[PDB]
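K.L.:
Below is one structure. I have some questions about it.
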Amino acid sequence: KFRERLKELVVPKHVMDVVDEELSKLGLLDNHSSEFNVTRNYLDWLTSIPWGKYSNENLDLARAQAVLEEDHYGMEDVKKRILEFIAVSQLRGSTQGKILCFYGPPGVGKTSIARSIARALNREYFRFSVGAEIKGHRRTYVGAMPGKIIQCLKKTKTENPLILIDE
Amino acid sequence: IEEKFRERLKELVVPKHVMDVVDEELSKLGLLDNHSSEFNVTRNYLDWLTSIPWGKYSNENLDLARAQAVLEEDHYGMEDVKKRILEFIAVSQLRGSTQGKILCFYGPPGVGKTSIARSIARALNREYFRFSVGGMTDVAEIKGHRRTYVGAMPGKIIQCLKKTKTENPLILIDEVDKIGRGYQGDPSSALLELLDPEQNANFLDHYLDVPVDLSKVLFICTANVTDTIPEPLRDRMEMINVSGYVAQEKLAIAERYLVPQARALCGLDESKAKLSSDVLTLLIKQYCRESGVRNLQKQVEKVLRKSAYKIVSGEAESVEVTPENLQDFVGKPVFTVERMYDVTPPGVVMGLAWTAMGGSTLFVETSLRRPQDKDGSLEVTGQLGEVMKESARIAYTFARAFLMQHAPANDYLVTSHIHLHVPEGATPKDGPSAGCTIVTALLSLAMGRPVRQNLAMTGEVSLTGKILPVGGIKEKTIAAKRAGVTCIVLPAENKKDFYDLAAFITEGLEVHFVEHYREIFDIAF
Ligand SMILES: Nc1ncnc2c1ncn2[C@@H]1O[C@H](COP(=O)(O)OP(=O)(O)OP(=O)(O)O)[C@@H](O)[C@H]1O
Ligand SMILES: *[B]([O])([O])[C]([C][C]([C])[C])[N]C(=O)[C]([C]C1=[C][C]=[C][C]=[C]1)[N]C(=O)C1=[C]N=[C][C]=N1
Ligand SMILES: Nc1ncnc2c1ncn2[C@@H]1O[C@H](COP(=O)(O)OP(=O)(O)O)[C@@H](O)[C@H]1O
Ligand SMILES: [Mg+2]
């Protein structure tokens, strides 16, 4: 069923390459052993993170202003700045470049504003705190886990989420 | 082998994300051979997996009256903590199922922080578990080791879940400020993973390697000082301050718990060694003036062991402890006289101070420095801080002004060279209070009149004569009561602080709340 877990999903070439290679290498090894489960979990990780799955971006500025104004009473200046950022992104075609940053006294609405931004752009929200570890470990059974960004991709099952690097 | 492990998964509710794991592992025992190392590795791995209490709880007592009774049985009046536990029960009962908080008690040594967790777990009917964290260097105690290693083991929290046979225990994590910070595996980060409600729902132990749901446990942390608790850890706890006790609280605690336990230990009953309550009051007053109760317990044990020696050495056959021969049992008193002046001369006035060992009572002596009644001066001694010297200057100016407006032909305080001293010259002292005390000292020196005898006053004064609030009203009132003051004077803006004190503290005190200094003058004369 692993092929079904990425059938309808658009896959690149050099990814299906490693997928088939690991399936053949897993047919080689013996099932239910200290060599089989490792490669099984790795091939699971290859077939879990999306490749062609997206989220239709919310480009409209009126809907964005509405979803920003619903929550977060006040903040009119931060709201104006966010609207202007979305306008520049819509006019530039993309959203890369500078990375936004909110700073101020504590308990003022800097995490919830990022959640509301994510809800605005219809991007899937994900937060990971940086208060090495963002790159994952290696498969010598020491760290059998990918990084937190790969887990973001798996969780949100969308290639364009909104990750929040809090604090 | 398989039969017992699959039977053990009967009275539980095993979640799927671990039921498939235990099934995959069971599928290996049939293949492996009973002689191999992998066999025993997976055998005790399955032992650990099936021994975890996967869905069961305890019959948590959500009755409020019973919880209050069992809380008030074990300890004497730690109300700020019992109130929190009762509100926790009330909330956990309003919103349906059992809950889990992360509380932290901080305070001086010996106030009951660690001692109360067991009675709290008895009140909630939970399974109490405790482990100290001070001095801990490695994360393997919190996390554990990968079961690949030879003698791998789960760790303290999984062992707690196995030993309590429940997954809503009360885990007392003791000494969370003395936690070591060896960065080659930092235990503070494991403690953050434990005490972080957003992620403690999946506590991934390095041995189990399946997440456990630790969101229904009541973590309680104990600290002596909060300023060395890691900041991220401190930002996930409810700091509840367990303060010290006063003479009457200490007496109740002694009579109810400390003396009976010390009698059970030393083997003396009230027929052999009589510790009356007057002796205990004198002891608490002159020897044990700290915040906790460990020193008082040691003093009680001291008296009891000396009486025990008097009996065993065949000398007394019975020991009567009277307030006259207490020195023979405990030595020289630490605090003796409580006041330096019995009747105050025209110049000196009693003030009140704050200290960690209860309050204090200091006097403000003033004296003519040169022979006379070009302007007068003020020399100020007594190890005074900058704020206190400035407040003395302010009090001097206002005293000049007030004496000019009150008795315009006095000429004192203007042409006289005065020396102001706050005795006990060795100890340093600071604070904006005693401004009214200094004004009163100067005025009583200028008019040649001693103030009311049993009168004490605290309060900041401004240049126009307004009386401003001060701090430490509890200790100052305790000190004035202890020294035999009948009339106390406080700023009018400390009325709430004074009426917030326990009733026995302010029993026979005649308090006066003032706004300006003219009222203090009308009272002190
Ligand atoms: N309010 C109280 N009522 C009854 N007994 C008390 C009270 N406060 C303390 N005790 C007794 O005194 C002892 C206090 O020791 P405890 O373990 O509470 O200290 P602690 O709060 O952990 O301080 P530290 O952690 O700084 O040593 C306990 O044995 C307890 O029985
Ligand atoms: B006051 O509240 O400012 C007061 C004035 C005192 C010197 C008559 N100061 C103190 O009580 C200080 C503690 C303090 C409290 C608040 C602010 C600053 C300082 N106490 C002492 O200085 C002291 C001195 N000797 C013995 C005991 N206490
Ligand atoms: N303008 C606002 N409108 C509504 N809720 C707010 C607003 N500002 C702050 N809050 C609330 O206060 C809390 C702020 O915490 P948060 O902003 O996450 O802390 P930090 O700013 O340190 O990240 C949030 O729970 C948020 O709901
Ligand atoms: Mg303790």
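Going through the structure tokens in order, the chains are called A, B, and so on, while each chain numbers its residues from 1 and the ligands are numbered from 1 in the order shown.
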Assign secondary structure with DSSP using the backbone only, and return the residues of chain A in alpha helix (DSSP H) as a PDB file with N, CA and C atoms, in the first residue's frame.
P.N.:
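Generated output (out_10.pdb):
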ATOM      1  N   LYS A  13      11.404  12.637  -9.440  1.00  0.00           N
ATOM      2  CA  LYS A  13      12.049  11.432  -9.948  1.00  0.00           C
ATOM      3  C   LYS A  13      12.984  10.820  -8.912  1.00  0.00           C
ATOM      4  N   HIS A  14      13.979  11.584  -8.464  1.00  0.00           N
ATOM      5  CA  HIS A  14      14.986  11.083  -7.536  1.00  0.00           C
ATOM      6  C   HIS A  14      14.416  10.709  -6.174  1.00  0.00           C
ATOM      7  N   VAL A  15      13.117  10.868  -5.957  1.00  0.00           N
ATOM      8  CA  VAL A  15      12.460  10.385  -4.748  1.00  0.00           C
ATOM      9  C   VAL A  15      11.837   9.016  -4.970  1.00  0.00           C
ATOM     10  N   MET A  16      11.081   8.858  -6.061  1.00  0.00           N
ATOM     11  CA  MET A  16      10.619   7.530  -6.443  1.00  0.00           C
ATOM     12  C   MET A  16      11.790   6.585  -6.651  1.00  0.00           C
ATOM     13  N   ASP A  17      12.927   7.115  -7.106  1.00  0.00           N
ATOM     14  CA  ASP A  17      14.149   6.328  -7.214  1.00  0.00           C
ATOM     15  C   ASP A  17      14.485   5.658  -5.889  1.00  0.00           C
ATOM     16  N   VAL A  18      14.644   6.460  -4.837  1.00  0.00           N
ATOM     17  CA  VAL A  18      15.015   5.900  -3.546  1.00  0.00           C
ATOM     18  C   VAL A  18      13.880   5.060  -2.983  1.00  0.00           C
ATOM     19  N   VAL A  19      12.631   5.391  -3.315  1.00  0.00           N
ATOM     20  CA  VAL A  19      11.503   4.592  -2.838  1.00  0.00           C
ATOM     21  C   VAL A  19      11.585   3.171  -3.384  1.00  0.00           C
ATOM     22  N   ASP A  20      11.746   3.035  -4.704  1.00  0.00           N
ATOM     23  CA  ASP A  20      11.843   1.701  -5.291  1.00  0.00           C
ATOM     24  C   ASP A  20      13.113   0.992  -4.837  1.00  0.00           C
ATOM     25  N   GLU A  21      14.216   1.734  -4.700  1.00  0.00           N
ATOM     26  CA  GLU A  21      15.460   1.126  -4.247  1.00  0.00           C
ATOM     27  C   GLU A  21      15.300   0.549  -2.847  1.00  0.00           C
ATOM     28  N   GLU A  22      14.643   1.286  -1.950  1.00  0.00           N
ATOM     29  CA  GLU A  22      14.438   0.781  -0.599  1.00  0.00           C
ATOM     30  C   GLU A  22      13.432  -0.356  -0.569  1.00  0.00           C
ATOM     31  N   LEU A  23      12.429  -0.339  -1.447  1.00  0.00           N
ATOM     32  CA  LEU A  23      11.518  -1.477  -1.504  1.00  0.00           C
ATOM     33  C   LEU A  23      12.255  -2.742  -1.933  1.00  0.00           C
ATOM     34  N   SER A  24      13.155  -2.617  -2.911  1.00  0.00           N
ATOM     35  CA  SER A  24      13.941  -3.769  -3.348  1.00  0.00           C
ATOM     36  C   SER A  24      14.921  -4.218  -2.268  1.00  0.00           C
ATOM     37  N   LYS A  25      15.533  -3.268  -1.558  1.00  0.00           N
ATOM     38  CA  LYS A  25      16.438  -3.603  -0.464  1.00  0.00           C
ATOM     39  C   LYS A  25      15.702  -4.195   0.730  1.00  0.00           C
ATOM     40  N   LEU A  26      14.420  -3.873   0.891  1.00  0.00           N
ATOM     41  CA  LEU A  26      13.617  -4.428   1.972  1.00  0.00           C
ATOM     42  C   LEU A  26      13.141  -5.833   1.628  1.00  0.00           C
ATOM     43  N   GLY A  27      12.849  -6.087   0.351  1.00  0.00           N
ATOM     44  CA  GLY A  27      12.634  -7.457  -0.078  1.00  0.00           C
ATOM     45  C   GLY A  27      13.864  -8.324   0.107  1.00  0.00           C
ATOM     46  N   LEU A  28      15.050  -7.713   0.072  1.00  0.00           N
ATOM     47  CA  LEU A  28      16.284  -8.460   0.290  1.00  0.00           C
ATOM     48  C   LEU A  28      16.402  -8.903   1.744  1.00  0.00           C
ATOM     49  N   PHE A  36      15.280  -4.994   9.343  1.00  0.00           N
ATOM     50  CA  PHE A  36      14.114  -4.759   8.499  1.00  0.00           C
ATOM     51  C   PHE A  36      13.344  -3.516   8.927  1.00  0.00           C
ATOM     52  N   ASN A  37      13.070  -3.387  10.229  1.00  0.00           N
ATOM     53  CA  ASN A  37      12.209  -2.310  10.710  1.00  0.00           C
ATOM     54  C   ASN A  37      12.821  -0.939  10.467  1.00  0.00           C
ATOM     55  N   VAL A  38      14.149  -0.830  10.537  1.00  0.00           N
ATOM     56  CA  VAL A  38      14.809   0.455  10.309  1.00  0.00           C
ATOM     57  C   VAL A  38      14.512   0.957   8.902  1.00  0.00           C
ATOM     58  N   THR A  39      14.813   0.128   7.904  1.00  0.00           N
ATOM     59  CA  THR A  39      14.557   0.510   6.523  1.00  0.00           C
ATOM     60  C   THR A  39      13.067   0.659   6.258  1.00  0.00           C
ATOM     61  N   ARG A  40      12.229  -0.111   6.957  1.00  0.00           N
ATOM     62  CA  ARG A  40      10.787   0.068   6.819  1.00  0.00           C
ATOM     63  C   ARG A  40      10.364   1.459   7.271  1.00  0.00           C
ATOM     64  N   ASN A  41      10.877   1.907   8.416  1.00  0.00           N
ATOM     65  CA  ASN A  41      10.551   3.240   8.910  1.00  0.00           C
ATOM     66  C   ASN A  41      11.114   4.326   8.001  1.00  0.00           C
ATOM     67  N   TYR A  42      12.310   4.109   7.451  1.00  0.00           N
ATOM     68  CA  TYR A  42      12.875   5.088   6.526  1.00  0.00           C
ATOM     69  C   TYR A  42      12.028   5.204   5.266  1.00  0.00           C
ATOM     70  N   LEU A  43      11.654   4.066   4.680  1.00  0.00           N
ATOM     71  CA  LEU A  43      10.792   4.088   3.505  1.00  0.00           C
ATOM     72  C   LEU A  43       9.427   4.669   3.834  1.00  0.00           C
ATOM     73  N   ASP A  44       8.979   4.515   5.081  1.00  0.00           N
ATOM     74  CA  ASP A  44       7.773   5.200   5.528  1.00  0.00           C
ATOM     75  C   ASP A  44       7.972   6.709   5.509  1.00  0.00           C
ATOM     76  N   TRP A  45       9.130   7.173   5.978  1.00  0.00           N
ATOM     77  CA  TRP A  45       9.382   8.607   6.011  1.00  0.00           C
ATOM     78  C   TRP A  45       9.461   9.185   4.605  1.00  0.00           C
ATOM     79  N   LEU A  46      10.012   8.425   3.655  1.00  0.00           N
ATOM     80  CA  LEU A  46      10.042   8.902   2.274  1.00  0.00           C
ATOM     81  C   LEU A  46       8.638   9.038   1.700  1.00  0.00           C
ATOM     82  N   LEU A  61      -7.030  40.723  -0.304  1.00  0.00           N
ATOM     83  CA  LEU A  61      -6.683  41.536   0.852  1.00  0.00           C
ATOM     84  C   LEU A  61      -7.887  41.814   1.741  1.00  0.00           C
ATOM     85  N   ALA A  62      -9.092  41.822   1.176  1.00  0.00           N
ATOM     86  CA  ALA A  62     -10.280  42.051   1.990  1.00  0.00           C
ATOM     87  C   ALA A  62     -10.512  40.895   2.952  1.00  0.00           C
ATOM     88  N   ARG A  63     -10.458  39.665   2.441  1.00  0.00           N
ATOM     89  CA  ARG A  63     -10.621  38.499   3.298  1.00  0.00           C
ATOM     90  C   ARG A  63      -9.531  38.446   4.359  1.00  0.00           C
ATOM     91  N   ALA A  64      -8.308  38.831   3.989  1.00  0.00           N
ATOM     92  CA  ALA A  64      -7.210  38.855   4.946  1.00  0.00           C
ATOM     93  C   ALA A  64      -7.458  39.875   6.044  1.00  0.00           C
ATOM     94  N   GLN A  65      -7.911  41.072   5.676  1.00  0.00           N
ATOM     95  CA  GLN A  65      -8.233  42.071   6.686  1.00  0.00           C
ATOM     96  C   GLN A  65      -9.343  41.581   7.604  1.00  0.00           C
ATOM     97  N   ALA A  66     -10.329  40.873   7.050  1.00  0.00           N
ATOM     98  CA  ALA A  66     -11.421  40.356   7.872  1.00  0.00           C
ATOM     99  C   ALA A  66     -10.917  39.332   8.885  1.00  0.00           C
ATOM    100  N   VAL A  67     -10.134  38.355   8.422  1.00  0.00           N
ATOM    101  CA  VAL A  67      -9.661  37.309   9.324  1.00  0.00           C
ATOM    102  C   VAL A  67      -8.659  37.868  10.326  1.00  0.00           C
ATOM    103  N   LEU A  68      -7.937  38.930   9.967  1.00  0.00           N
ATOM    104  CA  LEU A  68      -7.047  39.552  10.936  1.00  0.00           C
ATOM    105  C   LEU A  68      -7.810  40.384  11.950  1.00  0.00           C
ATOM    106  N   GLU A  69      -8.931  40.981  11.546  1.00  0.00           N
ATOM    107  CA  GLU A  69      -9.675  41.847  12.444  1.00  0.00           C
ATOM    108  C   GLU A  69     -10.578  41.061  13.380  1.00  0.00           C
ATOM    109  N   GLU A  70     -10.955  39.840  13.001  1.00  0.00           N
ATOM    110  CA  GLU A  70     -11.820  39.035  13.857  1.00  0.00           C
ATOM    111  C   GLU A  70     -11.188  38.817  15.224  1.00  0.00           C
ATOM    112  N   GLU A  76      -3.695  47.899  15.411  1.00  0.00           N
ATOM    113  CA  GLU A  76      -3.967  48.440  14.080  1.00  0.00           C
ATOM    114  C   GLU A  76      -2.693  48.661  13.278  1.00  0.00           C
ATOM    115  N   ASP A  77      -1.590  48.987  13.946  1.00  0.00           N
ATOM    116  CA  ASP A  77      -0.343  49.219  13.229  1.00  0.00           C
ATOM    117  C   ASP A  77       0.247  47.909  12.726  1.00  0.00           C
ATOM    118  N   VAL A  78       0.269  46.884  13.579  1.00  0.00           N
ATOM    119  CA  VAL A  78       0.758  45.579  13.149  1.00  0.00           C
ATOM    120  C   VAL A  78      -0.127  45.023  12.045  1.00  0.00           C
ATOM    121  N   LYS A  79      -1.435  45.268  12.130  1.00  0.00           N
ATOM    122  CA  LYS A  79      -2.335  44.815  11.079  1.00  0.00           C
ATOM    123  C   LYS A  79      -2.044  45.519   9.762  1.00  0.00           C
ATOM    124  N   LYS A  80      -1.821  46.835   9.804  1.00  0.00           N
ATOM    125  CA  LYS A  80      -1.466  47.555   8.586  1.00  0.00           C
ATOM    126  C   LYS A  80      -0.173  47.018   7.991  1.00  0.00           C
ATOM    127  N   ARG A  81       0.810  46.730   8.840  1.00  0.00           N
ATOM    128  CA  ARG A  81       2.072  46.193   8.346  1.00  0.00           C
ATOM    129  C   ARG A  81       1.884  44.820   7.711  1.00  0.00           C
ATOM    130  N   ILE A  82       1.030  43.982   8.300  1.00  0.00           N
ATOM    131  CA  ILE A  82       0.802  42.655   7.736  1.00  0.00           C
ATOM    132  C   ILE A  82       0.076  42.759   6.403  1.00  0.00           C
ATOM    133  N   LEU A  83      -0.910  43.652   6.314  1.00  0.00           N
ATOM    134  CA  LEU A  83      -1.616  43.843   5.052  1.00  0.00           C
ATOM    135  C   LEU A  83      -0.674  44.344   3.967  1.00  0.00           C
ATOM    136  N   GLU A  84       0.206  45.285   4.311  1.00  0.00           N
ATOM    137  CA  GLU A  84       1.168  45.782   3.336  1.00  0.00           C
ATOM    138  C   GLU A  84       2.142  44.690   2.913  1.00  0.00           C
ATOM    139  N   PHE A  85       2.542  43.831   3.850  1.00  0.00           N
ATOM    140  CA  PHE A  85       3.398  42.705   3.496  1.00  0.00           C
ATOM    141  C   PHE A  85       2.701  41.767   2.520  1.00  0.00           C
ATOM    142  N   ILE A  86       1.427  41.458   2.769  1.00  0.00           N
ATOM    143  CA  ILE A  86       0.702  40.578   1.857  1.00  0.00           C
ATOM    144  C   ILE A  86       0.547  41.236   0.494  1.00  0.00           C
ATOM    145  N   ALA A  87       0.364  42.556   0.463  1.00  0.00           N
ATOM    146  CA  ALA A  87       0.268  43.253  -0.817  1.00  0.00           C
ATOM    147  C   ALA A  87       1.573  43.155  -1.594  1.00  0.00           C
ATOM    148  N   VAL A  88       2.700  43.385  -0.921  1.00  0.00           N
ATOM    149  CA  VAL A  88       3.994  43.274  -1.589  1.00  0.00           C
ATOM    150  C   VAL A  88       4.226  41.849  -2.067  1.00  0.00           C
ATOM    151  N   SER A  89       3.784  40.862  -1.291  1.00  0.00           N
ATOM    152  CA  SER A  89       3.966  39.475  -1.704  1.00  0.00           C
ATOM    153  C   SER A  89       3.099  39.141  -2.911  1.00  0.00           C
ATOM    154  N   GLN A  90       1.860  39.623  -2.920  1.00  0.00           N
ATOM    155  CA  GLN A  90       0.973  39.395  -4.051  1.00  0.00           C
ATOM    156  C   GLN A  90       1.491  40.079  -5.305  1.00  0.00           C
ATOM    157  N   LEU A  91       2.120  41.241  -5.150  1.00  0.00           N
ATOM    158  CA  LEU A  91       2.605  41.991  -6.299  1.00  0.00           C
ATOM    159  C   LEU A  91       3.944  41.463  -6.791  1.00  0.00           C
ATOM    160  N   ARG A  92       4.726  40.856  -5.902  1.00  0.00           N
ATOM    161  CA  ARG A  92       5.997  40.233  -6.244  1.00  0.00           C
ATOM    162  C   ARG A  92       5.835  38.814  -6.771  1.00  0.00           C
ATOM    163  N   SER A 112       0.139  34.535  18.861  1.00  0.00           N
ATOM    164  CA  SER A 112      -1.215  34.463  18.340  1.00  0.00           C
ATOM    165  C   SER A 112      -1.359  35.267  17.056  1.00  0.00           C
ATOM    166  N   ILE A 113      -0.560  36.324  16.886  1.00  0.00           N
ATOM    167  CA  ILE A 113      -0.624  37.063  15.631  1.00  0.00           C
ATOM    168  C   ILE A 113      -0.089  36.217  14.487  1.00  0.00           C
ATOM    169  N   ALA A 114       0.925  35.390  14.739  1.00  0.00           N
ATOM    170  CA  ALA A 114       1.434  34.525  13.683  1.00  0.00           C
ATOM    171  C   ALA A 114       0.439  33.423  13.361  1.00  0.00           C
ATOM    172  N   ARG A 115      -0.246  32.911  14.383  1.00  0.00           N
ATOM    173  CA  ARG A 115      -1.322  31.957  14.126  1.00  0.00           C
ATOM    174  C   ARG A 115      -2.426  32.583  13.279  1.00  0.00           C
ATOM    175  N   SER A 116      -2.791  33.833  13.575  1.00  0.00           N
ATOM    176  CA  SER A 116      -3.833  34.490  12.794  1.00  0.00           C
ATOM    177  C   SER A 116      -3.361  34.814  11.385  1.00  0.00           C
ATOM    178  N   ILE A 117      -2.073  35.108  11.205  1.00  0.00           N
ATOM    179  CA  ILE A 117      -1.530  35.289   9.860  1.00  0.00           C
ATOM    180  C   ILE A 117      -1.656  33.997   9.066  1.00  0.00           C
ATOM    181  N   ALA A 118      -1.289  32.876   9.690  1.00  0.00           N
ATOM    182  CA  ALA A 118      -1.419  31.582   9.029  1.00  0.00           C
ATOM    183  C   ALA A 118      -2.862  31.315   8.634  1.00  0.00           C
ATOM    184  N   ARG A 119      -3.801  31.586   9.541  1.00  0.00           N
ATOM    185  CA  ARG A 119      -5.209  31.424   9.195  1.00  0.00           C
ATOM    186  C   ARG A 119      -5.630  32.397   8.101  1.00  0.00           C
ATOM    187  N   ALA A 120      -4.984  33.558   8.030  1.00  0.00           N
ATOM    188  CA  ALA A 120      -5.311  34.531   6.997  1.00  0.00           C
ATOM    189  C   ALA A 120      -4.942  34.012   5.619  1.00  0.00           C
ATOM    190  N   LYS A 148      12.603  18.639  13.019  1.00  0.00           N
ATOM    191  CA  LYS A 148      11.281  19.189  13.291  1.00  0.00           C
ATOM    192  C   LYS A 148      10.634  19.803  12.059  1.00  0.00           C
ATOM    193  N   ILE A 149      11.421  20.216  11.065  1.00  0.00           N
ATOM    194  CA  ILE A 149      10.834  20.767   9.849  1.00  0.00           C
ATOM    195  C   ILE A 149      10.238  19.657   8.992  1.00  0.00           C
ATOM    196  N   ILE A 150      10.911  18.507   8.925  1.00  0.00           N
ATOM    197  CA  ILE A 150      10.341  17.365   8.220  1.00  0.00           C
ATOM    198  C   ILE A 150       9.079  16.885   8.925  1.00  0.00           C
ATOM    199  N   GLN A 151       9.062  16.945  10.258  1.00  0.00           N
ATOM    200  CA  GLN A 151       7.852  16.580  10.978  1.00  0.00           C
ATOM    201  C   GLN A 151       6.754  17.610  10.767  1.00  0.00           C
ATOM    202  N   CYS A 152       7.120  18.882  10.614  1.00  0.00           N
ATOM    203  CA  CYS A 152       6.150  19.885  10.195  1.00  0.00           C
ATOM    204  C   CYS A 152       5.521  19.509   8.865  1.00  0.00           C
ATOM    205  N   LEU A 153       6.359  19.157   7.889  1.00  0.00           N
ATOM    206  CA  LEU A 153       5.852  18.792   6.570  1.00  0.00           C
ATOM    207  C   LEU A 153       4.906  17.604   6.664  1.00  0.00           C
ATOM    208  N   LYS A 154       5.306  16.568   7.405  1.00  0.00           N
ATOM    209  CA  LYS A 154       4.450  15.395   7.555  1.00  0.00           C
ATOM    210  C   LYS A 154       3.133  15.749   8.230  1.00  0.00           C
ATOM    211  N   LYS A 155       3.190  16.531   9.309  1.00  0.00           N
ATOM    212  CA  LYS A 155       1.988  16.854  10.068  1.00  0.00           C
ATOM    213  C   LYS A 155       1.018  17.677   9.236  1.00  0.00           C
ATOM    214  N   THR A 156       1.463  18.842   8.768  1.00  0.00           N
ATOM    215  CA  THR A 156       0.592  19.728   8.009  1.00  0.00           C
ATOM    216  C   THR A 156       0.225  19.171   6.643  1.00  0.00           C
TER     217      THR A 156
END
K.L.:
Can you list, as a ChimeraX atom specification, every protein, DNA or RNA residue that comes within 10 Å of stretch 66-73 of chain B when you count only C-alpha atoms, leaving out same-chain residues fewer than 3 positions away?
P.N.:
/B:61-63,76-79,81-83,85-86,89,116,118-125
K.L.:
Please dump the current selection as a compact mmCIF listing (two decimals), in the first residue's frame; keep N, CA, C and O atoms.
P.N.:
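Generated output (again-v3.txt):
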# COMPACT_ATOMS: atom_id res chain seq x y z
N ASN B 61 -10.43 11.22 45.00
CA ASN B 61 -11.42 11.78 45.93
C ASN B 61 -11.72 13.21 45.53
O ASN B 61 -10.93 14.12 45.76
N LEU B 62 -12.89 13.43 44.93
CA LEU B 62 -13.33 14.76 44.54
C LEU B 62 -14.31 15.34 45.55
O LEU B 62 -15.10 16.22 45.19
N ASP B 63 -14.29 14.87 46.78
CA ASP B 63 -15.12 15.42 47.85
C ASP B 63 -14.34 16.50 48.57
O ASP B 63 -13.18 16.30 48.93
N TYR B 76 -0.41 22.57 59.94
CA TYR B 76 -1.10 23.67 60.59
C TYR B 76 -1.08 24.89 59.69
O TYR B 76 -0.03 25.51 59.49
N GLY B 77 -2.24 25.25 59.15
CA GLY B 77 -2.46 26.52 58.50
C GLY B 77 -1.47 26.95 57.44
O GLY B 77 -0.84 28.00 57.58
N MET B 78 -1.30 26.15 56.40
CA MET B 78 -0.63 26.62 55.18
C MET B 78 -1.69 27.01 54.15
O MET B 78 -1.80 26.43 53.07
N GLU B 79 -2.46 28.04 54.51
CA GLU B 79 -3.73 28.29 53.83
C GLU B 79 -3.54 28.62 52.36
O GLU B 79 -4.37 28.25 51.53
N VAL B 81 -1.73 27.31 50.32
CA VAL B 81 -1.55 26.07 49.57
C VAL B 81 -2.79 25.20 49.62
O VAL B 81 -3.18 24.60 48.61
N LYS B 82 -3.42 25.11 50.79
CA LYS B 82 -4.65 24.34 50.90
C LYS B 82 -5.76 24.96 50.06
O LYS B 82 -6.54 24.24 49.42
N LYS B 83 -5.85 26.29 50.05
CA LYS B 83 -6.81 26.96 49.18
C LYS B 83 -6.60 26.58 47.73
O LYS B 83 -7.56 26.33 47.00
N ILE B 85 -5.17 23.82 46.54
CA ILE B 85 -5.53 22.42 46.31
C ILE B 85 -7.05 22.26 46.28
O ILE B 85 -7.59 21.48 45.49
N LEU B 86 -7.76 23.02 47.11
CA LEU B 86 -9.22 22.92 47.12
C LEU B 86 -9.82 23.52 45.85
O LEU B 86 -10.76 22.95 45.29
N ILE B 89 -9.38 20.95 43.20
CA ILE B 89 -10.43 19.93 43.26
C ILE B 89 -11.74 20.47 42.68
O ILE B 89 -12.42 19.79 41.91
N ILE B 116 4.33 18.62 52.72
CA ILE B 116 2.90 18.71 52.46
C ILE B 116 2.47 17.90 51.25
O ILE B 116 1.27 17.63 51.09
N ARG B 118 2.82 14.77 50.54
CA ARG B 118 2.22 13.49 50.89
C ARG B 118 0.80 13.66 51.39
O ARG B 118 -0.10 12.90 51.01
N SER B 119 0.56 14.67 52.23
CA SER B 119 -0.81 14.91 52.69
C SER B 119 -1.70 15.38 51.56
O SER B 119 -2.89 15.08 51.55
N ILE B 120 -1.14 16.10 50.59
CA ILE B 120 -1.93 16.50 49.43
C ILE B 120 -2.33 15.28 48.61
O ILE B 120 -3.47 15.16 48.16
N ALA B 121 -1.39 14.36 48.39
CA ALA B 121 -1.71 13.15 47.65
C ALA B 121 -2.68 12.27 48.42
O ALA B 121 -3.43 11.49 47.81
N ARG B 122 -2.69 12.37 49.74
CA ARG B 122 -3.69 11.65 50.52
C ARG B 122 -5.05 12.32 50.41
O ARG B 122 -6.08 11.65 50.39
N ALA B 123 -5.07 13.65 50.33
CA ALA B 123 -6.32 14.38 50.16
C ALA B 123 -6.95 14.11 48.81
O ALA B 123 -8.17 13.96 48.70
N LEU B 124 -6.14 14.06 47.76
CA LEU B 124 -6.63 13.74 46.43
C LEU B 124 -6.79 12.25 46.20
O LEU B 124 -7.30 11.86 45.15
N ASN B 125 -6.33 11.42 47.13
CA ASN B 125 -6.38 9.97 46.98
C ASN B 125 -5.56 9.52 45.77
O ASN B 125 -5.95 8.62 45.03
K.L.:
As a PyMOL selection string, list the residues of stretch 52-155 of chain A assigned to strand (DSSP E or B) by DSSP on the backbone atoms of this structure.
P.N.:
chain A and resi 125-129
K.L.:
Can you spit out the residues from that selection as a CSV table (one decimal), in the first residue's frame, using N, CA, C and O atoms?
P.N.:
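Saved file again17.csv follows:
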chain,number,residue,atom,x,y,z
A,125,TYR,N,-0.7,26.2,9.9
A,125,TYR,CA,0.2,26.8,11.0
A,125,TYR,C,1.0,25.7,11.6
A,125,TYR,O,0.6,24.5,11.8
A,126,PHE,N,2.3,26.0,12.0
A,126,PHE,CA,3.1,25.1,12.7
A,126,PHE,C,4.2,25.9,13.4
A,126,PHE,O,4.8,26.8,12.8
A,127,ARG,N,4.4,25.6,14.7
A,127,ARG,CA,5.3,26.4,15.6
A,127,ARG,C,6.3,25.4,16.1
A,127,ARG,O,6.0,24.3,16.6
A,128,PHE,N,7.6,25.8,16.1
A,128,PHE,CA,8.6,25.1,16.8
A,128,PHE,C,9.6,26.0,17.4
A,128,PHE,O,10.1,27.0,16.8
A,129,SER,N,9.9,25.8,18.7
A,129,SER,CA,10.6,26.8,19.5
A,129,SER,C,12.1,26.6,19.4
A,129,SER,O,12.6,25.4,19.4
